[PDB]
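Visitor: The data below comprise the sequence and an experimental structure of the protein.
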Amino acid sequence: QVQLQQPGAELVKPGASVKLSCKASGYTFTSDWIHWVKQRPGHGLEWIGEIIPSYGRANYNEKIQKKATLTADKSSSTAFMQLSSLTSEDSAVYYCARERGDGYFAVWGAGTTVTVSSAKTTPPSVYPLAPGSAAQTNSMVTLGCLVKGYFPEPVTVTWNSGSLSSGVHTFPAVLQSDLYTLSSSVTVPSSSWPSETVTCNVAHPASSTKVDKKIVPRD
Amino acid sequence: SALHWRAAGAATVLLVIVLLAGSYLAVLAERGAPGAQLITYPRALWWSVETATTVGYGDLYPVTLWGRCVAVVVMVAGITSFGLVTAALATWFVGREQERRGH
Amino acid sequence: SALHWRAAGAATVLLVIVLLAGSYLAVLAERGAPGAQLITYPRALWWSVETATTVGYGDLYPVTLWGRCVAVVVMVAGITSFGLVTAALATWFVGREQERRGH
Amino acid sequence: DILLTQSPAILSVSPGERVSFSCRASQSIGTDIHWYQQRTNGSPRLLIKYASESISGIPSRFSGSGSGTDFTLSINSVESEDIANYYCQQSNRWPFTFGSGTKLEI
Amino acid sequence: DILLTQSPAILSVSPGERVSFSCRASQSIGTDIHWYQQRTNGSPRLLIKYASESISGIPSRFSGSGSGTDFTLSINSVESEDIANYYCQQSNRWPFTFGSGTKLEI
Ligand SMILES: CCCC[N+](CCCC)(CCCC)CCCC
Ligand SMILES: [Co+2]
C-alpha cells in the first residue's frame, strides 16, 4: 500500500499561511524521522527540515529563510508542516519522506502543490476530442480530451480509470489570463473503438472535483 | 551465585542498555548541529561501543553539549563496568588463595 | 562509612577539581601557540573529560609543553581515580565473600 | 553543508548503451551517498543506498560505486523507462544535502 | 593564522530584499565563526556567534549558517539601518583572525 499521504494541492494568498499534512502508514518505529523537501518547478530538490514524531524534536535547514514549523500528532501518525507569510517564492511541490534514522529516504509522499496567488479556484471544463468524420485511419487511432479554464495546478488525467496506460501523453499546462489549459492524448487500435469505451478522467484536487467523459465518435 | 558474579552480569546488562539508550539519544542531540556525524543509529551504536571501551579510533564524536553529556555517561558506564569485572575476578582469585592456604 | 567508599567519593571530588583547574590552565598555557585549538574554556573542559577517561576521540590536544604537562596530570588523575573505584568495588566483593563463607 | 556536484547536468547516450552519472562531494563522506530517480511528475524513488547497495524493486542494471568524494551511478543497457532526473544525497553530516540533478536523455 | 576570505568586498542589493555575505576559511574550523557589524564611525557590534547563534538586542532578520570552511551571514529584508561593514572572525585556532570585511549598500 501507499505509505505517505499528502493532499494534492493548496492555494494560498500572499501573506497567508497553510498547514500541509502527511499521513503515515506501514511499519512505524519511534526511531522514524519524517522529512520535508521543496521542489520549485524546474529546479531540483531542497531539504527543508525534519521531525522525530515520537518526541516532537524538529530541525530545520538553516541556509534558507525559515518559513516552516514542524509538528506531528503521534496518534494519527500525521506530520504537519506549517508554511507561513508566503510569497510567490514559496510556490512549489512539497514532498514528505520517511527515514529510519539511517540517512536515506525509503518512501516519499506524492507531493502537495502549493500555489501562492490572489486568483480564485476554478474547476476545469473537460471537452472531448474525437476525429472529424472526413479523417482517414490507420490500424491505430488517436483520441484525446481537453481540460480548460482551471486554477490552480495540478490535474491528474487518466484513461479508463488508469486501466488504459500506454498511448497516453498529457501536455504541460499553459497559463493565460489566470487559468490553466492542457490536453491529454490517448492512442488505441482503431478496431477497438468505439466498440470498446475510451473515457478520460480528470481529478482537480484544489476544487475536490473529479469529472470524466466518454470519447464518442461524431454525428 | 556469589554477589561479584551477579554484579558482573548486572553490569553487562546495564552497559548494553546504556549503549542503546545512548546511541539513540546521541543522534537526537546531534541532528541540528552543522557538521555533525553522530546522526544515524547504526554508526551511533558503534560509537557507543568505541566510547565505552575507550578504543580511541577517533572516527566519530559528538559536537553538541548534550551529545557530549551523553558520551560522558557512556564512558563512565564502560570504564566502571569493565573495572567491575576486574574486581569480580580479584574476588575469585582471593577466595581461591585462602582455600589453597588452608585459611 | 568504610574507607574505600570515602576514598571513592574523595577521588570523585578530586577528579572534578582537577578537570576544572586543568581546563582553565590548559587555555592559559595554549593561547600564544600558533595553531592551538585548546584555547576556550567550554571545549577545554570537554577536553579534560576526554583526557581523564582516555576516550581517545583525538579531536583536541595540547601543543605546548605546559599544556602537555597539564594533560599528564589529568590523565593520571583520571586513570588513578577510576582505578580506585575498581579497588573500592573489589574490597566490597571481598568482604561479602568472607561473610558468605562464614569467615 | 556538504556540497554535492553532479556534472554534467544532462547526459545523452544511445539506447542499450551503459551510462554513468557522477556525484562529487565537497569533502570525504565514506559511502554515505544515496541515489534517487525522478520521472516527469513522479516523486523521487530510491534506487541505490550507501553508494552501492541495491533496493528491492529496482532493476539489476542499476548499480553504484565510489567512496570518499567520488561516486558513480551506472545503468547497464539504458532504455526508455530510464529517462528521468537523477539525484545524489549525503547522510554523512548534518544537514543532509542533495545534488543538483542530472537528466538522462536517449 | 587561519585566513578568512570575504568575497565580494561590496554587496549591493535592493530595499527589503534578502542578502547573504560569505566567509570562507583557509581550513576547517567547525562552527567557530562570529559575525560583527560596524557602521560608519561606530565600533563593531557582535551580531551572530558560533555561526548561527543569535544575540540579545539583534533583529530577528539576522541569521547565520555554515560549518567547516563555508559560512554565511544573512539578512532577511534589508533596510537602510543595515548599511554597514560586516566582518567574520574565527576562534578555532590561535591567534583569532578577522575577515577583510564586506560593505553592504542599498
Ligand atoms: C587495556 C586498555 C584499558 C584502558 N583503560 C581502562 C578502560 C576500561 C574500559 C582506560 C581507563 C581510563 C580511565 C585503562 C588505562 C590504564 C592505563
Ligand atoms: Co581470616
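Guide: In hand now; what should we look at? Numbers count the residues shown, from 1 in each chain, chains lettered A, B, ... in the order given. Ligands and ions are numbered 1, 2, ... in the order given.

Visitor: okay, now the closest residue to chain A within chain B: neighbour count?
Guide: Taking CB to the nearest CB, chain A has its nearest neighbour within chain B at residue B:32, 3.9 Å off. For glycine as for every other residue, the C-beta is placed from the backbone atoms N, C-alpha and C. When neighbours are counted by other CB atoms under 10 Å in any protein chain shown, residue B:32 registers 18.

Visitor: what do you get for residue A:133?
Guide: Per other CB under 10 Å, the neighbour tally for residue A:133 reads 8.

Visitor: Likewise for residue B:99?
Guide: Count around residue B:99 with other CB under 10 Å applied: 9.

Visitor: and the helix or strand hosting it, is it in reach of chain A?
Guide: Residue B:99 belongs to helix B:65-100 when elements are defined using DSSP states H and E. No: Helix B:65-100 does not reach chain A (CB under 8 Å from any CB of the partner chain); its nearest approach is 11.1 Å.

Visitor: before we move on, the earlier item: doesn't residue D:94 make contact with the residue of chain B closest to chain A?
Guide: Yes: using CB atoms under 8 Å, residue B:32 is in contact with residue D:94, at 6.6 Å.

Visitor: Quickly list what's touching both of those two.
Guide: Taking CB atoms under 8 Å, 6 or more residues apart in numbering or on different chains as the contact rule, residue B:32 and residue D:94 both touch residue A:59.

Visitor: residues contacting the residue most central in space within chain B?
Guide: The centroid of chain B falls nearest to residue B:78 when counting by CA atoms, centre = their mean (2.4 Å). By CB under 8 Å, 6+ apart, residue B:78 lies in contact with B:15, B:18, B:51, B:52, B:53, B:54.

Visitor: contacting residues for the residue of chain B closest to chain A?
Guide: Contacts of residue B:32 (CB under 8 Å, 6+ apart): A:59, A:60, B:64, D:94.

Visitor: make it 7 Å
Guide: By CB atoms under 7 Å, 6 or more residues apart in numbering or on different chains, the contact set of residue B:32 is A:59, D:94.

Visitor: can you confirm it is in a helix?
Guide: No: remark: residue B:32 does not belong to a helix; assigned using DSSP: H, G, I helix; E, B strand; the rest coil, it is coil.

Visitor: Just the element for the residue nearest to residue A:73 when sequence neighbours are not counted, please.
Guide: Distances taken as CB to CB, 6 or more residues apart in numbering or on different chains put residue A:80 closest to residue A:73, at 7.3 Å, once the chain neighbours are dropped. Per DSSP H and E: residue A:80 is located in strand A:78-83.

Visitor: packing partners for that strand?
Guide: Counting contacts by 3 or more CB pairs under 7 Å, 6 or more residues apart in numbering or on different chains; DSSP states H and E, strand A:78-83 packs against strand A:18-24, strand A:70-73.

Visitor: one more time with 10 Å
Guide: Strand A:78-83 is packed against strand A:4-5, strand A:18-24, strand A:33-39, strand A:45-52, strand A:70-73, strand A:92-99, strand A:112-116, with contacts defined by 3 or more CB pairs under 10 Å, 6 or more residues apart in numbering or on different chains; DSSP states H and E.

Visitor: so does the fourth one get close to chain E?
Guide: No: using CB under 10 Å from any CB of the partner chain, strand A:45-52 stays clear of chain E, coming no nearer than 12.9 Å.

Visitor: Report the angle between that strand and strand A:78-83.
Guide: Orientation check (axes from the mean of the first three to the mean of the last three CA atoms, to 10 degrees): strand A:45-52 against strand A:78-83 gives 130 degrees.

Visitor: which parts of chain A sit against chain B?
Guide: Residues of chain A found near chain B (CB under 10 Å from any CB) are A:29-31, A:33, A:49-50, A:52, A:55, A:57-60, A:62-63, A:99-104.

Visitor: now with 8 Å?
Guide: Within reach of chain B by CB under 8 Å from any CB, chain A has these residues: A:31, A:50, A:52, A:55, A:57, A:59, A:60, A:62, A:100, A:101, A:102, A:103.

Visitor: and the residues you listed, which are buried?
Guide: Among those, the ones that count as buried by 16 or more other CB atoms under 10 Å in any protein chain shown are A:31, A:50, A:52, A:59, A:60, A:62, A:100, A:101, A:102, A:103.

Visitor: Now do the contacts for the third one.
Guide: The one in question is residue A:52. Going by CB under 8 Å, 6+ apart, residue A:52 touches A:30, A:31, A:32, A:33, A:34, B:28.

Visitor: In JSON lines: the residues you listed, plus distance to residue E:106.
Guide: Below are those laid out as JSON lines (distance: CB to CB, whole Å):
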{"residue": "A:30", "distance to residue E:106": "49"}
{"residue": "A:31", "distance to residue E:106": "48"}
{"residue": "A:32", "distance to residue E:106": "46"}
{"residue": "A:33", "distance to residue E:106": "41"}
{"residue": "A:34", "distance to residue E:106": "40"}
{"residue": "B:28", "distance to residue E:106": "42"}
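
Visitor: What subset of those residues is buried?
Guide: A:31, A:32, A:33, A:34, B:28.

Visitor: Then the last one would be within a helix, right?
Guide: Yes: the assignment for residue B:28, made by three-state DSSP, places it in a helix.

Visitor: What separation do you get for the spatially closest residue to it that is not a sequence neighbour and chain E?
Guide: Counting by CB to CB, 6+ apart, the nearest residue to residue B:28 once its immediate chain neighbours are dropped is residue A:57, at 6.3 Å. Between residue A:57 and chain E the computed distance is 17 Å (CB to the nearest CB, to the nearest Å).
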